[PDB]
Amino acid sequence: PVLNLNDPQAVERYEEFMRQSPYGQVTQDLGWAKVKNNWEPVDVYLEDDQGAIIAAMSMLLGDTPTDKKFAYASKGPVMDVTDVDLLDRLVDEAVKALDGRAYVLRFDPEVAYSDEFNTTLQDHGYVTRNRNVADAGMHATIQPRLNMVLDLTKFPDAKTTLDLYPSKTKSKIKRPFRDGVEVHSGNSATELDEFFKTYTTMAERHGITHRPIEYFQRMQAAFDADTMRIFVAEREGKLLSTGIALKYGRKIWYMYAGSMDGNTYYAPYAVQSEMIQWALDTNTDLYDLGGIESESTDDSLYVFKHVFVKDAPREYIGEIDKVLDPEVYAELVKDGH
Amino acid sequence: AXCXX
DNA sequence: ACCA
């Protein structure tokens with residue numbers, strides 16, 4: 001069925017499924033539509049024989065230079081996507097709800113790439129975007145397909161962040177604290193202002209693009225302090241570094257960050273240590289540091305994140321496209337050939 | 001445009 | 001150096 005966003009009882013039942021599923025993702029929460037307020041939300045779900053939700057997909061519809069919309073279910077759907085017969089049923093419900101308005105429904109779930117899964121999806125009629133587009137870089141897909149994820153279940157007895165690391169890394173993490181860096185955290189306008197200062201400073205330093213403050217304000221309005229937390233590192237009253245982490249489903253996800261110009265005393269490592277500590281304190285399975293471009297010392301994202309993730313990066317299946325208007329799909333999407 | 005999110 |  002399609003979710004009626006104006007029925008609070010239905011919305012709460014959908015949210016309860018999303019928040020309690022092991023496949024839950026913050027980008028599939030209905031609060032994500034409030035963040036992405038320039039996109040149109042369309043949400044669908046399936047029920048078991050007793051009427052309980054068993055699978056859900058939160059879609060956001062965006063504009064294109066054509067008459068068609070782009071339908072996108074970020075890190076969805078919320079279910080076991082390797083159960084492809086059930087995936088087909090949910091995708092069929094989503095297609096009914098789109099009512100021919102979109103040229104594609106794209107979803108990019110956090111499931112490992114494998115040849116067997118890629119082949120099954122193609123056998124079921126989907127177009128996949130992964131290793132065939134890898135040569136285009138990190139931004140070949142909307143979200144990074146290679147991600148540095150710390151599996152904390154490998155350390156069931158860890159009490160503090162340092163318990164996860166070899167001595168050489170313990171030293172790297174201890175250094176900012178020894179040098180007077182202190183970290184606080186919260187989800188108020190005060191911490192958001194501190195974040196935004198460091199985030200805009202980082203973006204200007206790298207010549208890259210950056211989101212307006214209202215984006216993060218909508219996120220702070222949508223998610224409470226048990227879900228969204230801004231960590232702020234200072235040394236003797238000087239603001240040094242920040243980061244935003246979101247706790248949802250089985251992971252705490254380091255999403256945005258920045259540092260001020262000048263000497264920062266390794267403050268980003270202190271931010272990471274506290275974000276990891278939040279994961280340990282809440283018994284969360286995964287700490288996700290997010291995307292890299294390649295598993296190489298030439299990639300500075302990998303170098304930094306490899307300090308905290310010694311295992312191999314997780315490589316996901318990438319973008320799964322249910323093609324709805326093939327003429328528009330061919331005009332707007334390249335297949336990597 | 002750039003890390004997603 | 002970057003430490004997103």
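Below, all heavy atoms of this structure are taken into account, side chains as well, without hydrogens, waters or symmetry copies. Numbered from 1 within each chain, the chains take letters A, B, ... in sequence-line order.
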Practice item. Give me the ring orientation class for A:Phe304 and A:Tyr269: parallel if the planes are under 30° apart, tilted from 30 to 60°, perpendicular past 60°. Key: parallel
**Study point:** Spacing of A:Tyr265 atom OH relative to C:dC2 atom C1', expressed in whole Å
**Key:** 19 Å
Review point. Quick one: is C:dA4 close enough that its OP1 or OP2 comes under 4.0 Å of any side-chain N or O from A:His210?
Key: no
**Study point:** Under-4.0 Å salt bridge between A:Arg101 and A:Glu40
**Key:** yes
Check your understanding: Are A:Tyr72 and A:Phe107 an aromatic pair by the rule of ring centers under 6.0 Å?
Key -> no
Point to revise | Atom pair CZ/CZ of A:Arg211 and A:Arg218 - distance to nearest 0.5 Å | key: 9.5 Å
Review point. Do any side-chain nitrogens or oxygens of A:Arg205 fall under 4.0 Å of OP1 or OP2 in C:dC3?
Key: yes
Check your understanding: If you look at every strand shown and take non-hydrogen atoms under 4.0 Å, does A:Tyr269 touch a base, only sugar-phosphate, or nothing?
Key -> base
**Study point:** Whole-Å distance separating the CG atom of A:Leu301 from the P atom of C:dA1
**Key:** 17 Å
Exercise for review: Rounded off to whole Å, could you give me the NE2-to-P distance for the A:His306 and C:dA4 pair?
Suggested key: 18 Å
Review point. To the nearest 0.5 Å, what is the distance between OG (A:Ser185) and CD1 (A:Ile230)?
Key: 10.0 Å
Practice item. Classify the nucleic acid contact of A:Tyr302 as base, sugar-phosphate or nothing, counting any heavy atom under 4.0 Å across all strands shown. Key: nothing
Study note, to complete from the structure: Separation of C:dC2 atom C1' from A:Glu293 atom CD, nearest Å, is 14 Å
Exercise for review: Nearest whole angstrom, please: distance from the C1' of C:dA1 to the CG of A:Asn263.
Suggested key: 13 Å
Point to revise | Check: C:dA4 base within 3.5 Å donor-acceptor of A:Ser300 side chain | key: yes
Revision key, fill the gap. To the nearest angstrom, the CE-P distance between A:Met138 and C:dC2 comes to 19 Å
Practice item. May I have the distance from A:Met260 (atom CE) to C:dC3 (atom P), rounded to whole angstrom? Key: 13 Å
Practice item. For A:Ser259, report the nucleic acid contact type (base, sugar-phosphate, nothing); a contact means any heavy atom under 4.0 Å. Key: sugar-phosphate
**Study point:** Value in whole Å for how far the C1' atom of C:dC3 lies from CZ of A:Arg175
**Key:** 14 Å
